[PDB]
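Novice: The following block contains the structure, expressed as structure tokens.
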Protein chains: 2
Amino acid sequence: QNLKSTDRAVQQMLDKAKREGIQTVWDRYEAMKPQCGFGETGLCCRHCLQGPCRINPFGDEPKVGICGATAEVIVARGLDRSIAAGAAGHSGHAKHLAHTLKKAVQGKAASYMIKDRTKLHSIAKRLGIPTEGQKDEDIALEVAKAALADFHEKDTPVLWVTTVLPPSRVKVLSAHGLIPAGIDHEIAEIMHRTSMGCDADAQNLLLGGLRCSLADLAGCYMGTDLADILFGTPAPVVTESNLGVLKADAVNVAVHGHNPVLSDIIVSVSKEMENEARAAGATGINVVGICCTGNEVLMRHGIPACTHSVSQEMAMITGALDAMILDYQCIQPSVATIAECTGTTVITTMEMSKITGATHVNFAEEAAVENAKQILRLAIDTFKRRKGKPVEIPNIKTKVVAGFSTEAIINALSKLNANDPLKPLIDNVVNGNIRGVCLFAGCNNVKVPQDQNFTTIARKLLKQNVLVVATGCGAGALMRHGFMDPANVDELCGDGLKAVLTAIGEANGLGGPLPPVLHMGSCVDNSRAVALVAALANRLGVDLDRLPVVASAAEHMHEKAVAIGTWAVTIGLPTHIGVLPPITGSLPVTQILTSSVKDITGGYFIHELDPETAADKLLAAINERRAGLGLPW
Amino acid sequence: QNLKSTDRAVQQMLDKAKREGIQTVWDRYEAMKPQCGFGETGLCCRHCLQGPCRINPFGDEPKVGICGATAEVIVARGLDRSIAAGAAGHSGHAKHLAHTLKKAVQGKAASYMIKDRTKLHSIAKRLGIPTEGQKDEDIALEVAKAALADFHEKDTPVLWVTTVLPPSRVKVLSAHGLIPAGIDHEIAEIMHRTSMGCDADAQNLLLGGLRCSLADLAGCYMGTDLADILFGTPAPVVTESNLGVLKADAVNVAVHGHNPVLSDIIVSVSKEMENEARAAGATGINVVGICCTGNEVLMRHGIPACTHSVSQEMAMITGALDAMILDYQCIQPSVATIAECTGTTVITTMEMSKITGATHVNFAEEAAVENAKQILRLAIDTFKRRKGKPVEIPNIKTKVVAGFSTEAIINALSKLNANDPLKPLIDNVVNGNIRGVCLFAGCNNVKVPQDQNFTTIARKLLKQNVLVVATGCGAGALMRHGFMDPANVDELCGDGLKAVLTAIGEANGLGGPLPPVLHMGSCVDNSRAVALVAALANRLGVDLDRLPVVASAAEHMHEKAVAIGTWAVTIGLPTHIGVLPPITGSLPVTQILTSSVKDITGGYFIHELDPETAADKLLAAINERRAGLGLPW
Ligand code: SF4
Ligand code: SF4
Ligand code: FES
Ligand code: FES
Ligand SMILES: [Fe+3]
Ligand SMILES: [Fe+3]
């Protein structure tokens, strides 16, 4: 089972699933081999009913699509649509938060409020919204109106792009026409230009893709901004991760999906309901996280993370998961079928994300506390049905220090230099205690033994004194393998990096270092890494493509992740991906993404499937940036 | 060659292409067989990087996607994305017209103006925009602002849906939550909900698709409204069609694509430039149409239609096509390669629609007349290069009466009843001289011998006294085979229908009938058929799903056509499609689209590949509506 997942708790559940005849994601993957080579290389098109069209990667006919579309056009069009779909997911998440803030501040949803008024004011200041003499509710209404305005064309471009990157970067992008005009505007234009008989120039198509990826960045950044206003900016927290955070004697309730508008309410309400749960024979309600909505409530509330991404079915296989509360994105629909075997109550809550066979509760912000209680009462009922059943919770968990928002990282650094908090970080970059910065982002992927790329790459970078930050299921992989436990700094970290983590941690009243990896939050919270990197660039007086900063989507899967990696390249970062998207069928497209995009944005993709080799290439990328700044390496 | 196209001019060019070694769309289609069965049935998914996933239509594993996505989910998600892509094309077209009108009326583009002020005022009245005491330029600015506002969420739903259908229809759709909230909003929500790990309920997914198809209707209707304001509402015109409208001794310039903002300027400017052309040795500039932008300038100016859709390469094969001026949609990118052989100057003009190897001219409304002259001068230069080359223009053309906007049809009927113009039409429906109405819409498709379905179905319906209206390349097919020539009424039309066409034509000072088929315009002008049908429903006091009105997308291809057929079903019409979209791999999805959608909207799809059988099924659908109204049939 270690060929399927490197996580020991997942291996134990895989053994249980096998002997109980419950099919898993890995079984369905095995039933799919050999996968289609046309799809895997990107040489397939179904964008009109003369198709499906395919192109042999090598050999004889077919060489060209029926309408005349070349390999490079078909590949670029497919890639553009996956960026647009990713932008649509991140932007829908942000849009739903914008409506929630608007309703809260108009008195239409009393369960929601301005929890971080400091964040509210700095955002409004960044957007040019005046704050002096204004009520908080009026400022917030202006912020929510500005968020919603960025989805369509207006007299300004998308402000959640132009006000969050350095002016030099914005200018490089405006020069190439890459600034989005409206988030949903760019999504629709991608679908238009990629439909039959429209854009048929690989470079033109890919430039549209870079622009749409910046619409995705804007949705991520807007999502992080609005969630922090509504639910609070994360600060350092201590919790646990992996399946052992389930408790047989408690009502175990997983929050799963991406948007915390739902799950943050669940967290608060479940505390009100401890007495209901005890009445049923539980010790209490044990809310745990799966995927990014789990990351959200982990970052803000210390809710323990149960599992992530590809292994999400195994939380149910324990037999102890009484409810799984879903909003949208990255939910394997198999959970609705597996629930018939495991007893779990799977509950959908969003109108546009239902699963056949799951119970649906029509969540509304106006009725959030009522809905939470209805859902949690179903979880209580499910616990009573299993009172007296054996469960198999693997007794495996790690300690997780997390909550490292960019504001938290600044604050932590400020204990070393109050009025110039970025300087201690840059000092240790310059003197070599910090070789560079690597962000791990994105999903797990059944194609890759779970967590194997994240941990292998992280281990080599940390020994080489790279400061490693992480989001999404990359944070989940690293967290479940001990990389967020400061007790592992001695084992994992090079001497220079250990010295820096120790200095910062000691100055922050901790008695020990910061953890080996800094957890920056959910997938939209990749925007926090952008805020940190832009602040470093501004403090250094250079553009982002001169910083020793790289990204690694080491095991990615989702269209959202494809978009993130694309905007990481567009804002100037060398960006490793550990699973190839369907692009190898066009050498010209591959050359653009790995080489010539350098001349447009200064970033570039690093395609490398072997993780030890990927780590070497990321180190080389970091060290080239170091040399370009005149630094030793 | 008659297995490839029923059009004799196309057959002659196919013979020329074969002996000259120029590959055509039919050759590329032959090089594609056997096409992928997974793609053709819809049982393939590439929406995440764990894919490609496929499902055997029958037999053993794979039975389910890797994430657990069932056949019905995979099929419904693929269909939803094709509706959204179609909506994105029609809405981009309309959006570009909205900007053109705004710039014209703000004094930013002097080449554009309010040409139809009657249309401008009736639209503003329909939208609730006040007109009394307002300058036309201020009313138009309000209309353009309202168009652009329908692309995003606001305090009203999409007005180009709710103000163009009868209130009873709007209410049926609101009850099912099918009213779009914003055009680009719905497109982005489709891409979100269909991405990995989101909506996984076939009925929920398809209800989203019906809503997005109404966003496509709104873009069509808005596109027609704005083009009529800017360029004039069509009125009856006489012209010709097919390749014989090319002239060896003239500069032959094709306008090709969809958006007439470009080609309407070309038409006017080319007249200014007759003397330049004569100086080069041409008789003049001969502008001809291809595809829907050809339909636009045919409807408004009587520009002859050269060819359409699947046969567009054959206009170049004559050797006489000096320029092909492109905007976007339905352009085979092969034209840029074929131009190397034929001498044609292929010119792209839109920023998001370029073709490798074609010349690009950056069209801007602010500089439209200048751009037109630059393009036409390239066409003149190309004519000089072929002075003394042999051309092979097949001497084949038909006479085409067209220009039947809904306003023109009302006006024509008003000569029989001035103050109740719809009544003579309804009279002859009731007494049986008109059995019903059939709209032919959509593309040609290389899978179907060109025009064979359109003409076979039209012939049987016309003998059965159906009033036949047509748009897009369905109008092109019928027009190139004589169905728009009133001289063919005796041969084609049943006695009841002939009597009605003759009565209307005689009352309109024509000496003969209306043509056998009424040309309602381009693809977005399918909205005119909606206006006509809604007006009939309102005059009759019933909803559209009680009218003896059907639609036939007899040979369709493009994602735009998939969307149109879907909203034809959503507004209540039995809707035949003559090529199946990728849906046969899910019987539950097929059952929804062909049967149970009846209970939601009253419309339904008719899947029928055999055209004689399709005609019988359309007649049965028309006759069931007749019976439901208590009429003989
Ligand atoms: S758009 Fe072109 S390549 Fe794609 S399916 Fe249609 S004919 Fe084939
Ligand atoms: S979304 Fe599901 S079915 Fe589609 S490619 Fe990904 S794993 Fe396969
Ligand atoms: S041929 Fe397999 S993905 Fe299309
Ligand atoms: S397997 Fe052929 S279309 Fe995907
Ligand atoms: Fe996840
Ligand atoms: Fe066409």
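Shown for chain A, in order and in Swiss-Prot numbering: 4-636.
Going by what the header records, the deposited coordinates were determined by X-ray crystallography, 1.8 Å.
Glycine is no exception: its Cβ is also placed from the backbone N, Cα and C atoms.
The [4Fe-4S] cluster 1 binding site annotation in Swiss-Prot covers A:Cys39, A:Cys47 and is backed by experimental evidence. The [4Fe-4S] cluster 2 binding site annotation in Swiss-Prot covers A:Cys48, A:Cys51, A:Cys56, A:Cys70. According to Swiss-Prot, the feature [Ni-4Fe-5S] cluster binding site maps to A:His261, A:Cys295, A:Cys333, A:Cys446, A:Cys476, A:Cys526.
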Novice: Among the binding-site residues A:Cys48, A:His261, A:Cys295, A:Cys476, A:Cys526, state which ones have a Cβ less than 8 Å from a Cβ of chain B, giving them in sequence order; state 'none' otherwise.
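Specialist: Contact set vs B: none.
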Novice: Ten-angstrom check, please: count other Cβ atoms within 10 Å of the Cβ of A:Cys56 ([4Fe-4S] cluster 2 binding site), all chains counted.
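Specialist: Its Cβ has 25 other Cβ atoms within 10 Å.
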Novice: Out of A:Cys47, A:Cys476, which of the binding-site residues has the smallest number of neighbouring Cβ atoms within 10 Å?
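Specialist: So among A:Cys47, A:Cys476, the binding-site residues given, the one with the fewest Cβ atoms within 10 Å is A:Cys47.
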Novice: Taking the mean position of the Cβ atoms of A:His261, A:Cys295, A:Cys333, A:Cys446, A:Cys476, A:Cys526 as the [Ni-4Fe-5S] cluster site, which residues outside that list, in the same chain, have a Cβ no more than 8 Å away, listed in sequence order?
Specialist: A:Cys294, A:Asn298, A:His311, A:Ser312, A:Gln332, A:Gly475, A:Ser525, A:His561, A:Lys563
Novice: Using Cα coordinates, what distance in whole Å links A:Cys526 ([Ni-4Fe-5S] cluster binding site) and A:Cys48 ([4Fe-4S] cluster 2 binding site)?
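Specialist: For A:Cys526 ([Ni-4Fe-5S] cluster binding site) versus A:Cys48 ([4Fe-4S] cluster 2 binding site), the Cα atoms are 29 Å apart.
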Novice: Should we count any of the binding-site residues A:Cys39, A:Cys56, A:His261, A:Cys333, A:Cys526 as near ligand 4, judged by a CB under 6 A from one of its atoms, and which?
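Specialist: So the answer is A:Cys39.
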Novice: Of A:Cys47, A:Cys48, A:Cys56, A:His261, A:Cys333, A:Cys476, listed as binding-site residues, which ones have a Cβ less than 6 Å away from ligand 1?
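Specialist: The ones that qualify, in sequence order, are A:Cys48, A:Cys56.
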Novice: Going by DSSP, is A:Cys526 ([Ni-4Fe-5S] cluster binding site) part of a helix, a strand, or coil?
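Specialist: In three-state terms, A:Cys526 ([Ni-4Fe-5S] cluster binding site) counts as coil.
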Novice: Tell me the Cα distance separating A:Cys39 ([4Fe-4S] cluster 1 binding site) from A:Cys476 ([Ni-4Fe-5S] cluster binding site), rounded to the nearest angstrom.
Specialist: 27
Novice: Enumerate in sequence order the binding-site residues A:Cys47, A:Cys56, A:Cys333, A:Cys476 whose Cβ-atom distance to ligand 5 is under 6 angstroms.
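Specialist: The qualifying binding-site residues are A:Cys333, A:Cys476.
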Novice: To the nearest whole angstrom, what is the C-alpha distance linking A:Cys56 ([4Fe-4S] cluster 2 binding site) and A:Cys333 ([Ni-4Fe-5S] cluster binding site)?
Specialist: 29
Novice: Can you tell me which of these binding-site residues sit near ligand 3, meaning the Cβ is under 6 Å from at least one of its atoms: A:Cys39, A:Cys47, A:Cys70?
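Specialist: Among A:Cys39, A:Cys47, A:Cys70, near ligand 3: A:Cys39, A:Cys47.
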Novice: Please list, in sequence order, every residue of the chain apart from A:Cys48, A:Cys51, A:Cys56, A:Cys70 whose Cβ lies within 8 Å of the Cβ centroid of the [4Fe-4S] cluster 2 site.
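Specialist: Close Cβ neighbours, site residues excluded: A:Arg49, A:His50, A:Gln53, A:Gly54, A:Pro55, A:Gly68, A:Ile69, A:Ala72, A:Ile77, A:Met199.
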Novice: Could you tell me which of these binding-site residues, A:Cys70, A:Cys295, has the greatest number of Cβ atoms within 10 Å of its own Cβ?
Specialist: A:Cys295
Novice: Can you tell me the three-state DSSP label for A:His261 ([Ni-4Fe-5S] cluster binding site)?
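Specialist: Note: A:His261 ([Ni-4Fe-5S] cluster binding site) is coil by DSSP, not helix or strand.
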Novice: Show which residues of the chain containing A:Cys51 ([4Fe-4S] cluster 2 binding site), separated from it by at least 6 in sequence, have their CB under 8 Å from its CB.
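Specialist: Counting only residues 6 or more apart in sequence, the Cβ neighbours of A:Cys51 ([4Fe-4S] cluster 2 binding site) under 8 Å are A:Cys70, A:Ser198, A:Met199.
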Novice: Please work out which residue of A:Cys39, A:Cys48, A:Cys333 has the most C-beta neighbours within 10 angstroms of its C-beta, and give that one of the binding-site residues.
Specialist: A:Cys333
Novice: For A:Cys47 ([4Fe-4S] cluster 1 binding site), what is the secondary structure by DSSP, using just helix, strand and coil?
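Specialist: Its secondary structure by DSSP: strand.
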Novice: Nearest of the binding-site residues to A:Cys446 ([Ni-4Fe-5S] cluster binding site) by CA-CA distance, picking from A:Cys39, A:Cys47, A:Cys48?
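Specialist: Of the binding-site residues A:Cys39, A:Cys47, A:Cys48, A:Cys39 has its Cα closest to that of A:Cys446 ([Ni-4Fe-5S] cluster binding site).
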